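Undergrad: Dumping the structure here so I can ask a few things about it.
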Amino acid sequence: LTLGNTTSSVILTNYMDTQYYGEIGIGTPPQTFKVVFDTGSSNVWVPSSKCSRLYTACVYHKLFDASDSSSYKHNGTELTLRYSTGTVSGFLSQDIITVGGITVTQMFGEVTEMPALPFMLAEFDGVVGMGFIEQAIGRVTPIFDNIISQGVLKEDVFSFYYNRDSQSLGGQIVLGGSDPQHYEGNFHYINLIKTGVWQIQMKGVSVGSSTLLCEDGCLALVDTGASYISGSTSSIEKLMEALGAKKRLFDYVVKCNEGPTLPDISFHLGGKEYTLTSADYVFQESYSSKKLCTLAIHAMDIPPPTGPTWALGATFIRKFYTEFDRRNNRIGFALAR
Ligand SMILES: *[C@@H]1O[C@H](CO)[C@@H](O)[C@H](O)[C@H]1NC(C)=O
């Protein structure tokens, strides 16, 4: 590890409090893409010009064309990348990637198979995995490791601010630090269970008064690429019975008028209770007894070995500015502002 004196920031767009993405450039001259920065995965991919237009997702997204880039390096190894909400497939390529200040030579997936559900619902084009090399498909070096190798970042850390939803900043990633403008009070740290996954021990989940969930302890994936807080089908059907909420296809709803008096939900991480108020986890889009309001908490059964686990996504990170510390293998939380 070599440390320099560089901090680099990426500005994010917030779409409807569900999608947070920024821009990268790939190739010479730069081809620009909207990407989610996802601590829950370790690969880079964008849609490829070689994607058949029978994938409607490839008609509606920006496609990388290797034939327009003088800095492209062929590889051609096939790979498949499995996300919580769906799967993409394609092949490895190498090119120059620009993110914030920084230019890095990077191996990434050119995606040629991009299912319409869910990718026709994506405002973003692809993904930049901020996870560890241990979970990288094809054992490809992740972008942050490649950036650390350059020895220009002040610290072996990166940080996420996600805003609530023209003039407002949707969010901000800091590579090599934190922005004290977007948090207050002190960082509280939890150690990773292990290097290789941004996953920490959780000691309990309260609904108001009572620890009625994860009573014997459980896992929390701190997942910048997940919209919601997620638990297993079994944990969530309990949480949602206790909130008086009903299942739609994939999510849970409450009568809009009941939203504001739903109880506080607390997550016990390291020393502290991380408390969400109903305003933090209800899409309070109306106060009518005659409309339904979605909850920013749903069921996700993440397969072993990472899961079963909770995932703390944008619902959580909106309240708690999050620092991901590779040097000391830990996660810091502070109150966002
Ligand atoms: C693809 O990339 C990997 C990782 O560096 C390399 O070891 C492999 O030989 C490459 N294959 C081709 C065919 O260029």
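Numbers in chain A track Swiss-Prot; the residues on display, in order, are 67-231, 235-406.
According to its header, this structure was worked out by X-ray crystallography, 2.1 Å.
Just so it is clear, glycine is given a Cβ too, placed from its N, Cα and C backbone atoms.
Sharing the features that Swiss-Prot gives for it:
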- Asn71: N-linked glycosylation site (CARBOHYD)
- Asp104: active site (ACT_SITE)
- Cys117-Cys124: disulfide bond (DISULFID)
- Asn141: N-linked glycosylation site (CARBOHYD)
- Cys283-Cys287: disulfide bond (DISULFID)
- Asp292: active site (ACT_SITE)
- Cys325-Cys362: disulfide bond (DISULFID)
Undergrad: Give me the Cα-Cα distance between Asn71 (N-linked glycosylation site) and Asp104 (active site), rounded to a whole Å.
TA: 25
Undergrad: Identify, in sequence order, the residues in the chain of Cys117 (disulfide bond) that are 6 or more apart from it along the sequence and have a CB within less than 8 Å of its CB; answer 'none' if there are none.
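TA: Set apart from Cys117 (disulfide bond) by at least 6 residues yet with Cβ under 8 Å, we have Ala123, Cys124, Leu129, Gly156, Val177, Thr178, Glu179, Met180.
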Undergrad: Just jot down the residues in the same chain as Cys325 (disulfide bond), at least 6 apart in sequence, with C-beta under 8 A of its C-beta; none if empty.
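TA: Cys325 (disulfide bond) has long-range Cβ partners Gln353, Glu354, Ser355, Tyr356, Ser357, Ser358, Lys360, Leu361, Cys362.
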Undergrad: Given the recorded positions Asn71, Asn141, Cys287, return the subset with CB under 6 A from an atom of ligand 1, ordered by sequence, or none if empty.
TA: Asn141
Undergrad: Out of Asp104, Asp292, which of the active-site residues has the smallest number of neighbouring Cβ atoms within 10 Å?
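TA: Among the active-site residues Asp104, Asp292, the lowest count of other Cβ atoms within 10 Å belongs to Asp104.
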Undergrad: Using a 10 Å cut-off, grab the number of neighbouring Cβ atoms around the Cβ of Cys283 (disulfide bond), all chains included.
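TA: Excluding its own Cβ, the number within 10 Å is 19.
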Undergrad: Including all protein chains displayed, how many Cβ atoms other than that of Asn141 (N-linked glycosylation site) lie within 10 Å of its Cβ?
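TA: Within a 10 Å radius of the Cβ of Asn141 (N-linked glycosylation site) lie 14 other Cβ atoms.
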Undergrad: Quick one: 3 residues missing from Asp231 to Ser235, so how many Å between their CAs?
TA: 10
Undergrad: Of the recorded positions listed here (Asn141, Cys283, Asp292), which is spatially closest to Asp104 (active site) when Cα positions are compared?
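TA: The answer is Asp292.
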Undergrad: Long-range neighbours only, meaning 6 or more apart in sequence with Cβ under 8 Å: which ones does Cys287 (disulfide bond) have?
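TA: In sequence order, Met271, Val274, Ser304, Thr378, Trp379 meet the Cβ cut-off.
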